[PDB]
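Inside the fold
The residues making up each chain are set out below.
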Amino acid sequence: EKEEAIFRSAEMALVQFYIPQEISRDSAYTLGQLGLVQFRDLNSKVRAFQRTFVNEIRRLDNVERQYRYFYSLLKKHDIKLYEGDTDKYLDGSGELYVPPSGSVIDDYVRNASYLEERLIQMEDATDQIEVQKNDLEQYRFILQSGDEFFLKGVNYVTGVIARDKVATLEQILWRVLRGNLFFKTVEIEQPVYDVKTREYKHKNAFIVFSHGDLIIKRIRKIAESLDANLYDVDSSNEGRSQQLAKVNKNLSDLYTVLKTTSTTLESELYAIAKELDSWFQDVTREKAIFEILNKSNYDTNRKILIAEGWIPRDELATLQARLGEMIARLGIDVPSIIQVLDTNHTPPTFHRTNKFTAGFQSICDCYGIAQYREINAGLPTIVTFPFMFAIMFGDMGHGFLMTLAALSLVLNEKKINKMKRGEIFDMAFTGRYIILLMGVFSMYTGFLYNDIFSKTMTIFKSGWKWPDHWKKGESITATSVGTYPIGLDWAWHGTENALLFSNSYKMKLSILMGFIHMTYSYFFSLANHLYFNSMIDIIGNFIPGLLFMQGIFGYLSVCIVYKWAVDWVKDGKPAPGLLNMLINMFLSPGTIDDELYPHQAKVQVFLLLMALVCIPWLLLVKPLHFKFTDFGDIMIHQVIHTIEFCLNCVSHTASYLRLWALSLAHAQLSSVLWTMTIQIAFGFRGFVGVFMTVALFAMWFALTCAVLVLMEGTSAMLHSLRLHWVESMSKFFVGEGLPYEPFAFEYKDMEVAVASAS
Amino acid sequence: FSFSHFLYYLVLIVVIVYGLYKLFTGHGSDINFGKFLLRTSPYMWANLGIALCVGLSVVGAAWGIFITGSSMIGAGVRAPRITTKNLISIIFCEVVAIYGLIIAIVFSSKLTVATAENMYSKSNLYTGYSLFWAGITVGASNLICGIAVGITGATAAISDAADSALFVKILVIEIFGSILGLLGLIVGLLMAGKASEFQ
Amino acid sequence: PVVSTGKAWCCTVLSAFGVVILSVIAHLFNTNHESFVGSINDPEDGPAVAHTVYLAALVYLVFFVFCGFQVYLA
Amino acid sequence: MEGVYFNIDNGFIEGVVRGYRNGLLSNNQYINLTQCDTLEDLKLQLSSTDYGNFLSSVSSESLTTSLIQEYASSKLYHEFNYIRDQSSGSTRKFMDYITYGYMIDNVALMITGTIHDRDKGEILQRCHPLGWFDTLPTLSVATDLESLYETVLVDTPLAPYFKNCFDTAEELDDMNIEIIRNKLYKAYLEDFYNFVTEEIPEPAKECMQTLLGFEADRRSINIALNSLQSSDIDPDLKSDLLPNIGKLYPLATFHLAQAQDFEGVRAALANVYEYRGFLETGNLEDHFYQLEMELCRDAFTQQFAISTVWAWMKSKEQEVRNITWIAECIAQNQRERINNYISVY
């Protein structure tokens, strides 16, 4: 028996823990293996170095730092980390593993501290060889150049410099040798890997001829000041061949010394790379235990740690069971370490999710974490979010393709929740039921719009009747022989005034749906104020806003439905304009051009003065009741709430024209796409027409899947999200609270933690 | 140098010499600005009004949107909790284009077809003038309101990224600056209040 | 012939939609629906375009049965 | 106005630099740094600020005051290089002009170390990595100032600044290099002032003009207080070292140029209102640091301005100087003068 906590939050408790010192380390593991206690910080106003359990943090994150150095050393000399797949002897059923006890942690500390300096000297030994591999190899490149590199009028310097500095060399040596330079360079094609830095460093050779002795020291200092490695090469061919024979059997000796010096290091890294992840998990868990014990009061007269924590009420029977199992594992006698405390703090929120209400909860929590026991806004979002999507996405076939794309993700849930994906397929997979509901509601909406691939259906008999005879080219009209049962009539398809009906149709649809959404979301404020015993908020905020916005904007909706209900041609009365009379209700009161219902000259004035008198009745009762029980802050905040609640009636009900907007534009772009590509290939008799309609259907399907489902679905999806974040949750959603996020044990994912440090 | 000032000075000199020459002949009333207003089609003035209305409203909206969006993106690097909070500063710049939409929908119901007889009547010329000036009134007011609300939104995003307690005190200034587009909306509805259709 | 697996699904799925869609459009050309040919524009003959749209559906069918066995090999 | 065309290129840069600005240390954080006992406590206390996980992966026993100032300066320099990479047009130029003033100091340091026959690699470190200019280690050859200039300095952006420096034509010692460097920095400040006057928009223009005014005035008072050492200097040969910008040039650099004793400098600064509060009291350098930090604080009240980059740069440098002073007082057990940091926020 657990409460559901999807309409409101879950009921909380504050529990004070009386933990003895000798079982404190052990008890925090049991408190962490059940992930349902959020600890509050009792050691506030105490500096981070003055707290207890700080050397037990310094030792453990020194071990963390040495593991980070190890894993940085694993990426060089490419060895895959083992990643022991059994993340189930710590997780899973049972909820009980024995923690490693003391000597295992000391073994981890001294093992890592012994292993670090060993790896440091083994890495430093094999990098003194690479820095003398490099100069010998580039000197071997210098020794094979022929004569054309060494013949232009010791009388020269020779070196290898990076390619970025050759122009700087020749600029300086032209300004220094005054114009008598014989600079010459040939490129080294492969990059030359650096050890002191990590740049790959495209290099090349050079040679500079001159005569004298103060000139060669001059050119030599200028050259090696720009980080050039200079050498000595004989002028004759035979001396160059003797030097090339001398560098070989020295460089091959370095090849033999490099092996079995960079081999024992690598075998040590093969030993470390297996069973490093388990070390890392154990040390991270041990560090988290002391981070939780850091925020508890320490007593000196007796060795008792005092800790507080938030918890939902249905787990006070779980605490006593798990802690009783712990005190039955080790033989002691402690006096009742659990005590439920009576408090005045603010508890966490904690809505329960169960795999269908989870994605919509993650939607609504992206805006703000709700107040404690406030009405959750993720419960109506489940159906009001894909439907407001569907009004903008009113197509049969596009919602059908969206359902197929959703069922490709829903029908294999078990295969996908065990993979590593990255940031796009994540948003695809965690919202698969959102996409399923969006596709099904878009099927229903596109059925009611009579639109499949921008074509009609003809599944019932029409309500319009064409004339009996006409010449080919006569503009005729239809004669209204009844009404059409479900959807728009298919006699509006070509008809050359289809937009003239459809626009005034769907605009009124959008205004009516937006008003019903706003006046449904506004009653959650009444259900809040009735629950928190806040009877001044009802009489001060609910009734003024209800009367003010109903008497202006619900009267418009009643007039829209009433204008639909009345036959104006049979009665012989002129049909009025609802937009005109809405403007003239405020900008010229009392005067009516076309009459809608008999006594409306007085109802306009009555509703205008009621919406007027709701302006001083708001901004007055809620402050002046606080006065007789003004302050300034309540008064100015209530003036801001009045000037913000009003002028959002007009703005928010104007903002629901987007439901009309995106629907009209989706229909028009899909119609132009149908008449632009595949409509061309219908009058093309021959063998060329077969390939023509093949290629043009391929182009049409690629466009209607790329630009018309994926790129207009994301837009209307975040439009249905704006209509809930701004227009809907500004009427009941109070705002700030603190999220639940209990202390629990998790897998840690090493390479994220290395990027988190560096 | 300064080619635009050279163009402006050249146009000024040519206009002064031309008007002074039309005096010089004794035919100063041939520059007849009033007869140009009679003999010009009223549908031109009406459609320039509607098109320039929706265009200037959208330009002011886009201006405010990127001013507050650049600063909110820049300020959200260290404090990424400002985005869902200061979404409302982009709401306030987006409602400007919706006001332009409402004006275009109201004005486009008056574009009927007139007869060749009584084409340039009193009511038709009145309707063209009213729709033109009402459209550019609400469009320029929407432009200016979008610019101002965008500037205040950028400054509010920076101040809320400082600490959380400041955006309630700076959002009040956006509430002040967002009423000006509604003033332009009301007076644009009132200027074309008594204008009939084209008949 | 390097990999040829990530492009097999892109053609099998395309052909699987293409067979069904051009088959139902050709069936709607054949019986004169008065919404595909019900005006003075693009088609006039009727089943003479239903002919080549069923031909294109057959060509999509042989695309589908060719590429549907190359994905079978993985 | 100023908020209209600014954000088009500089709105992201301005927002990121304000986000960097919100991590400046306030007074309570410096007091918490003061209350540390050992140096590992200072590391753990700095870890809970905008700095944090900056001395991670160093050591627990190789922690030294010099290492802390190296890494706290390198974080500053990487943030400045990021902001300089993300800019274009006039802002890119403006940040290059910020770099040139440290390039001048690297020139003077490399020449001075070349005179005393020191190593290239010793002078290549402690040589302020922001003012780099690739041909910098070539300044260690050919002692004569001409044979520096006709070879390597003409291709640097410091080339238009030696228009005065060719008066003496001999080998250099420690006073000639300082006369040279003062002429460099004079011509430099006037180049950058005439840059700000003609291109930078107005609310940033006035803020950069008053900050450059204070830079010129501080260096004028320092040259006037350092020139009365054991030498004979013509007032014509000293007034070519005081910049023609600031609030004490139109007539108050004249009495600085014609002054013999300390009382002459006191009587010279006696009429400028912001000054003559400085020479009658203690540490004369801390008054310049305090007034610079107050001017930089006043630069953060303008929003659509690229004075924010200069103000944040100088504030973060003062912050690094304060953390270095506190770390020295902790590590040397000299807690008597630990509260002499300069904190304005």
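Moving on to the overall build of chain B. Scanning chain B from terminus to terminus reveals 7 helices and 0 strands. In sequence order, the secondary structure elements of chain B are arranged as α-α-α-α-α-α-α. Compactness check: chain B gives a C-alpha radius of gyration of 23 Å against a globular reference of 16 Å for 199 residues, more than 25% above the reference. For chain B, the C-alpha atoms occupy an extent of roughly 70 × 50 × 20 Å along the three principal directions. Burial status across chain B gives 41% buried among its 199 residues. Here the contacts in chain B between residues at least 6 apart in sequence split such that 87% fall between residues at least 24 apart. Summing over all exposed atoms, chain B offers an accessible surface of approximately 10,500 Å²; the carbon and sulfur share of this is 75%. Of the charged side chains in chain B, 10 are positive and 7 negative, and the gap between their average positions amounts to 5 Å.

Moving on, we come to the UniProt feature "transmembrane region" in chain C. All names here are of chain C. Feature annotation in UniProt assigns "transmembrane region" to the following positions: residues 9-29 and 53-73. Secondary structure over residues 9-29 splits into 100% helix and 0% strand, and the C-alpha atoms at its two ends are 30 Å apart. End C-alpha atoms of residues 53-73 are separated by 31 Å, and the span's content is 86% helix alongside 0% strand.

Right, let's get into the UniProt feature "transmembrane region" in chain B. All names here are of chain B. The UniProt entry lists residues 1-21, 48-68, 87-107, 131-151 and 170-190 under the feature "transmembrane region", expressed in the numbering used here. The span residues 48-68 carries 100% helix and 0% strand; its end-to-end C-alpha distance comes to 30 Å. Between the first and last C-alpha atoms of residues 170-190 the distance is 32 Å; the span itself is 95% helix and 0% strand.

Attention now moves to the interface of chain A and chain D. Counting residues at the interface gives 19 residues for chain A and 25 residues for chain D. Between chain A and chain D, the buried area comes to about 1,900 Å², and carbon and sulfur atoms account for 49% of it. At the boundary of chain A and chain D, one finds 2 salt bridges. Its salt-bridge partner being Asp41(D), residue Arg58(A) comes within 2.4 Å of it at the nearest N-O pair. At the boundary of chain A with chain D, the tally comes to 5 residue pairs in polar contact. Mapped onto the side of chain A that touches chain D, the elements with two or more residues apiece are helix 2 (55-75), helix 5 (166-176) and helix 6 (214-224) of chain A. Looking at the side of chain A that touches chain D residue by residue, the class counts come to 7 nonpolar, 4 polar and 8 charged.

Counted by the stated rule, this structure contains 0 disulfides over all chains. Of all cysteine sulfurs in the structure, the one in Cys364(A) sits closest to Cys366(A), which takes part in no disulfide; the separation is 9.8 Å. Note on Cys366(A): relative accessible area 46%, which makes it partly exposed. Free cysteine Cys67(C): the closest other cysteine sulfur is in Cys11(C), separated by 3.7 Å.

Moving on, we get to the sheet that holds strand 4 (residues 184-187) of chain A. All names here are of chain A. Judged by pairing direction, the sheet is antiparallel, and its 4 strands sit side by side in the order 4-5-3-6 without closing on themselves. Two strands close off the open sheet at either side, each with one partner strand: strand 4 and strand 6 (229-231). When strand polarity is set aside, the average angle formed by the axes of neighbouring strands in this sheet is 25 degrees. Across 4 bridges, strand 4 lies against strand 5 (residues 203-209) in antiparallel orientation. Note on strand 5: the bridge partner recorded for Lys184 is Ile207.

On to helix 2 (residues 47-70) of chain C, then. With 24 residues, helix 2 of chain C extends 35 Å from end C-alpha to end C-alpha; this agrees with the ideal 34 Å at 1.5 Å per step. By the burial criterion, the buried members of helix 2 of chain C are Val49(C), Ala50(C), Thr52(C), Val53(C), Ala56(C), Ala57(C), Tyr60(C) and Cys67(C). Contacts from the buried residues of helix 2 of chain C go to helix 27 (687-725) of chain A together with helix 1 (8-30) of chain C.

Right, let's talk about the nonpolar core for a bit. Ranked by size, the top nonpolar core spans 116 residues in total, and within it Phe206(A), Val208(A), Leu33(D), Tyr51(D), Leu139(D) and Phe192(D) carry the most contacts. Among the elements that make up this core, the one with the highest residue count is helix 5 (residues 90-115) of chain D (12 residues). In this structure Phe192(D) touches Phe94(D), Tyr97(D), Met208(D) and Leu212(D), once residues within four positions along its chain are discounted. Judged by nonpolar contacts, the second largest core, of 32 residues, contains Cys364(A), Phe389(A), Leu437(A) and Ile91(B).

Residue and element names in this part refer to chain A. Along the polypeptide, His398 turns up in helix 14 (residues 396-410). Here the side chain of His398 touches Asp395 through a polar contact of 2.9 Å, side chain to side chain. In terms of polar contacts, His398 uses its side chain to reach the side chain of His666, at 3.2 Å. With near-sequence residues (within four places) excluded, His398 lies in contact with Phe393, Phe453, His666, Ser670, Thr704, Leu708 and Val709.

Rules of the game
Residues numbered from 1 in each chain as written, not as in the entry; some residues may be left out. Chains lettered and ligands numbered in written order. Part of a larger assembly, values for the part shown. Heavy atoms only, no water. Helix = DSSP H or I, 4+ residues; strand = E, 2+ residues; numbered from the N terminus. Rg over C-alpha atoms; globule rule 2.2 N^0.38 Å. Buried < 20%, exposed > 50% of the residue type's maximum accessible area, 1.4 Å probe, protein only. Contact = heavy atoms within 4.5 Å. Areas by Shrake-Rupley, 256 points an atom, 1.4 Å probe, with all protein chains shown as cover. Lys, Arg positive; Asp, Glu negative; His and termini not counted. Charge placed at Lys NZ, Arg CZ, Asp CG, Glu CD. UniProt positions renumbered as here; feature names shortened; annotations may be inferred. Buried area = accessible area lost by both parts, 1.4 Å probe. Salt bridge = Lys/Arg side-chain N within 4 Å of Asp/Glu carboxyl O. Polar contact = N/O pair within 3.5 Å; in protein donor to acceptor, adjacent residues only side chain to side chain. Nonpolar A, V, L, I, M, F, W, Y, C, P; charged D, E, K, R; others polar. Disulfide = S-S within 2.5 Å. Pairing = 2+ DSSP bridges. Axes fitted to C-alpha atoms, helices over the stretch in contact; angles between N-to-C directions. Expected span 1.5 Å × (residues − 1). Core = buried A, V, L, I, M, F, W, Y, C linked by side-chain atoms within 4.5 Å.

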